[PDB]
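For reference, the structure is listed below as structure tokens.
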Protein chains: 4
Amino acid sequence: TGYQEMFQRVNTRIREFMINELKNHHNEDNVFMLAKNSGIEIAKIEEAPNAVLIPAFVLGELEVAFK
Amino acid sequence: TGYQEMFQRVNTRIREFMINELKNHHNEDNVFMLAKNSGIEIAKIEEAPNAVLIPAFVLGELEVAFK
Amino acid sequence: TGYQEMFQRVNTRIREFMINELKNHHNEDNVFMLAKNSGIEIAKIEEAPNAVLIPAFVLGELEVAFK
Amino acid sequence: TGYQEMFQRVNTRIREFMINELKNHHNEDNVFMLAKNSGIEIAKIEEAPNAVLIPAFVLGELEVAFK
């Protein structure tokens, strides 16, 4: 239970900094591109689940790293 | 969509070494415990979705790290 | 050894977002504190080695995560 | 100070499961290859500093993942 709460806040923190990185580097299209090829319907990238958000973020970091 | 299948193969690899780490240090109970608390019904840890598998793996590693 | 330039790019990217996270959440003191205890003399957090920077970053994320 | 201890144990745990992954998938040559290309001299992969151990581990996982 307490574990479920602690991990919830850890998860929330990770989601926020991933969302922050995607915005600051204008890579939000990665989220939509990946969402479009999975069936998820989102208005904001905040509505993206981890299965979409995390790959988007990693691609984003790679694109910035190798520019 | 090639990115999807690439991340599909990365997801599989990560699940495999998490599961491997959990067995080798006999921490499978972490998975079941977390599965039960979240209303998930599994007979073996390979059936656990990442939302319980990943926290269980993390608990496992800290348990070993601070034993 | 092209792998090494490539990993150097990824190292730089990771340093940059760790540093950005630390500044944007006003957690730079973590770096200086960890530096002082390790006999490392730095004037700014961009000079902290990863052995200092990474633990400060993680400490920083947990502090923000748990309020 | 308690941090220097806790992060030491985390570090040790992480080095151990990386070394275990490299051995179980017979990817030790990744470590020697990268170490030789950095002017470092090791007999065991256990003597590899994180700066060669970590990217060697990552290459190893990718090779297994995409094999």
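Values reported hereafter were calculated over all heavy atoms of this structure, with side chains retained and with hydrogens, waters and symmetry mates removed. Numbers restart at 1 for each chain; the letters A, B, ... are given by sequence-line order, proteins then strands.
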* Hey, is CD on A:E5 packed in by over 12 heavy atoms from elsewhere, all under 6.0 Å? ->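 Check passes, neighbour count above 12.
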* Neighbour count >12 (heavy atoms, 6.0 Å) for atom OH, B:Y3 ->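 No.
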* Asked: Hey, does the side chain of A:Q4 reach the backbone of B:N37 with a donor-acceptor pair shorter than 3.5 angstrom?
  ->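 Not confirmed, A:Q4 side chain does not pair with B:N37 backbone.
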* Asked: Are side-chain heavy atoms of A:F7 and B:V58 found at a separation under 4.5 Å?
  ->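 Answer yes - side chains close enough.
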* Under 4.5 Å from any heavy atom of chain A - which part of B:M6 ->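 Looking at B:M6, nothing touches chain A.
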